[PDB]
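Novice:
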Amino acid sequence: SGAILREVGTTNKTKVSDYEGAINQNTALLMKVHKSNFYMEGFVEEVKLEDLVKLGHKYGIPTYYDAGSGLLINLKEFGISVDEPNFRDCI
Amino acid sequence: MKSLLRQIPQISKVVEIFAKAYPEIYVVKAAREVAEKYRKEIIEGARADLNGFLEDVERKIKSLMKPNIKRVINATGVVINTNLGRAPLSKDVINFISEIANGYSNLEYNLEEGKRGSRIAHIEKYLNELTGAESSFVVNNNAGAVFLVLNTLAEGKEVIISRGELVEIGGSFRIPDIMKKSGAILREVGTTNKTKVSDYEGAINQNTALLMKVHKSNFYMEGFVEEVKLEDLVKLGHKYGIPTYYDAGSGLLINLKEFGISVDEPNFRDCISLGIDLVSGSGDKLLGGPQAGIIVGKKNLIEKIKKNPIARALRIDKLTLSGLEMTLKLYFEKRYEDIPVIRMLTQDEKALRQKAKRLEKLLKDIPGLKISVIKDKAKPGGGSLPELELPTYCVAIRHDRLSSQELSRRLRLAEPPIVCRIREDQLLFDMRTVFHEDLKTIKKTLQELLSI
RNA sequence: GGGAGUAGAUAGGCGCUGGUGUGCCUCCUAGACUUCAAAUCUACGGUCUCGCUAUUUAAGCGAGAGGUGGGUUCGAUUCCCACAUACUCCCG
């Protein structure tokens, strides 16, 4: 892609501090990918989406979410209870 | 001010006005859109009447219930019409696509071994046979086909190309601008109108990783002009040990002189059997199939391209893949007439008048219509054959009431819509591109605009 | 207990709508009609409340609330936010 990759946190856990800590003059993007075809249980921490946006608007950095699943609507409306994100809500 | 807007009814109230008239969903959408257009028009003080409301709300409903993309009756006589969606598909293909999309299929699944398999594997069997190349591959479109070969084999290294072959096809594609983003360094040789072989051979060096030639598909040069022969560039490559990459663009799968049309347009089989290492082209041009970037050439190169992590972002969808296999199946069976684009251009001169006057027989009754059939020479190829000029019968029409300009306008707004040429206040209908079942739809749309 | 989702009336259950709310079904009461019953139909109807005249009560009349509060807006039942509550789903 031509973009330089700055990986923060660790496999199972990643707090907000990890993101905010690696920012600098070259940081042009804050990107989060949704684990679509796998999942981690046990000691595992993740950064709330709301917090990423807050961190972006603080330093003036754009936020890019690769949902992957491409869920167009809220899924709970159909009886299936999952936290799967969707465009409308994430936007 | 605040009384010229209180007027506008309630969305619950207009929803009622259309009980079974239209779906509740489409009604509320039209009411909102309409409710906002009257709030702003009265706020700026440009409306004193609201009677237009009820009539309008129903027009939005009638409009909002139709998809935007719509089949269009092409009367221009241009087979590869970049604007109208290039090469149209035969029913045979469209049903093969219909079936694979209906449910699950073995897209990335090899039924033999019961484990995942490459989806590009189904087709390539066909390409290698038809072209004669060692191996093949296919991606989204030729634009990307180019970008992939450059970033695969010339990222960071030089690529020599003639200064007369740096094209701008389409609105966003430009060899110089994409190759840049390709990571390859551009070495332009020769001059606009002329380019000998010495120009190519002169700019080679330690970084030269590719010799690339682009086919001027959407333009041509006449007058004092020189070009580098293909056999020459193959010779030059094999001398210094440099690969040859031809961007045919037209994606002509076969020799074209075999069908009566005499042109020099290059084709895969012939260009491959010439000594070129790689060749690419769009599937929706001279191949007559769905949009697809087609690459054929040496195996050691194809494998280098495939492994590139960018090929996954170009890998073709389930629709075009299937639809491309059935298009390729037709080519093996020599069912040439079955593929729209080949039939349209190789149609009998006799064949065209036969349809030219079968339409004129359907419009003699319609009121105020001045119908005449003229033999005109047009240029069929839009995105692949720039110089070609072939004879075809146009049924030139003219109404006393309305003018040619206004006529084209209403015809593009019809259902189905019809797009046609205009020449000296005489609307023209080239029969080279008109399907038979359209003739009946042509007459029924013209009688609805001049007698209404 | 911690999160999250679905949510909301001013007779009662469901659904809708940026036009000052409304449609379907039910209840109640009332009216119409019907030999009797049913059916049917209709209601700027209903709750709470407060206030006003009388004031034991009756009796007549007027107004506001949509879980609560706030905001946007010409107008919020609709939309945003905050807190509360109901139902459900996940975790300790």
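Quick note, the sequences are listed as chains C and D, same order. With the deposited numbering as the guide, the letters of the first sequence map in order to residues 182 to 272. With the deposited numbering as the guide, the letters of the second sequence map in order to residues 1 to 452. No residue lacks a Cβ here, since even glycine has one placed at the ideal position from N, Cα and C.
1) To the nearest angstrom, report how far apart D/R71 and D/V28 are at their CA atoms.
2) In three-state DSSP terms, what is D/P391?
3) Determine the contact status of D/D430 and D/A133, defining contact as a CB-CB distance below 8 Å.
4) With a CB to CB cut of under 7 Å and the five nearest residues on each side skipped, what residues in its chain are close to D/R116?
5) Apply the 10 Å Cβ neighbour rule to D/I302 and answer buried if 16 or more other Cβ atoms are within range, or exposed otherwise.
6) Tell me whether the region 189-199 of chain D and the region 227-244 of chain D touch, counting them as touching only if at least three CB pairs, one residue from each stretch, are closer than 8 Å.
7) Excluding sequence positions up to five away, which residues of its chain have a Cβ less than 6 Å from the Cβ of D/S136?
8) Identify the continuous alpha helix (DSSP H) that holds D/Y126 and give its terminal residues.
9) Give me the Cα-Cα distance between D/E222 and D/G383, rounded to the nearest whole angstrom.
10) For the region 231-251 of chain C against the region 208-218 of chain C, do three or more pairs of beta-carbon atoms, one drawn from each stretch, fall closer than 8 Å, so that the two count as touching?
11) Leaving aside the five residues before and after D/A414 along the sequence, list all residues of the same chain whose C-beta is less than 6 Å from its C-beta, in chain order.
12) With a 10 Å radius around its C-beta and 16 neighbouring C-beta atoms as the bar for buried, classify D/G249 as buried or exposed.
13) Who are D/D430's beta bridge partners in DSSP?
14) With burial defined as no fewer than 16 other Cβ atoms inside 10 Å of the residue's Cβ, what is the status of D/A143: buried or exposed?
15) Quick check: the Cα distance between D/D277 and D/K299, rounded to an integer number of angstroms?
16) Does the count of Cβ pairs from the region 286-294 of chain D and the region 305-321 of chain D closer than 8 Å reach three?
17) Over the uninterrupted beta strand (DSSP E) stretch that includes D/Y246, give me the two end residues.
18) Run through DSSP, which three-state label would D/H399 get?
19) Going along the chain, which residues of its own chain have a beta-carbon closer than 8 Å to the beta-carbon of D/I94, five neighbours each way excluded?
20) Ignoring anything shorter than 4 residues, give me the alpha helix (DSSP H) runs that lie fully in the region 314-392 of chain D, in order along the chain.
21) Can you name, in chain order, every residue of its own chain whose Cβ lies under 6 Å from the Cβ of D/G202, other than the five neighbours on each side?
22) Please state if the CB of D/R163 and the CB of D/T191 are separated by a distance shorter than 8 Å.
23) Would you kindly check if the distance between the Cβ of D/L150 and the Cβ of D/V139 is under 8 Å?
24) I want to know whether the region 4-11 of chain D touches the region 30-47 of chain D - three or more CB-CB distances under 8 Å.
25) So, using beta-carbon positions, are D/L345 and D/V79 closer together than 8 Å?
26) When the Cα atoms are used, what is the spatial distance from D/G251 to D/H215?
27) May I ask you to report which of helix, strand or coil DSSP gives D/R269?
28) What is the residue span of the alpha helix (DSSP H) that D/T445 lies within?
29) Return helix, strand or coil for C/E231, following the three-state DSSP convention.
30) What whole-angstrom Cβ distance do D/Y26 and D/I69 have, given they're in contact under 8 Å?
31) Mapping the DSSP letters down to three states, classify D/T208 as helix, strand or coil.
32) Bridge partners for D/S280 per DSSP, in chain order?
33) In whole angstroms, what is the alpha-carbon distance linking D/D376 and D/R410?
34) Could you check how far apart the C-beta atoms of D/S408 and D/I422 are, in whole angstroms? I think they sit under 8 Å.
Specialist: So, to answer that:
1) 28 Å
2) strand
3) no
4) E108 and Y109
5) buried
6) yes
7) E124, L127, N128 and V296
8) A121 to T131
9) 18 Å
10) yes
11) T445
12) buried
13) D/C394
14) buried
15) 9 Å
16) yes
17) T244 to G249
18) strand
19) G323
20) 318-332, 340-345 and 349-363
21) none
22) yes
23) no
24) yes
25) yes
26) 10 Å
27) helix
28) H436 to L450
29) helix
30) So it is not a contact: roughly 19 Å between Cβ atoms.
31) strand
32) D/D247 and D/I295
33) 25 Å
34) 6 Å
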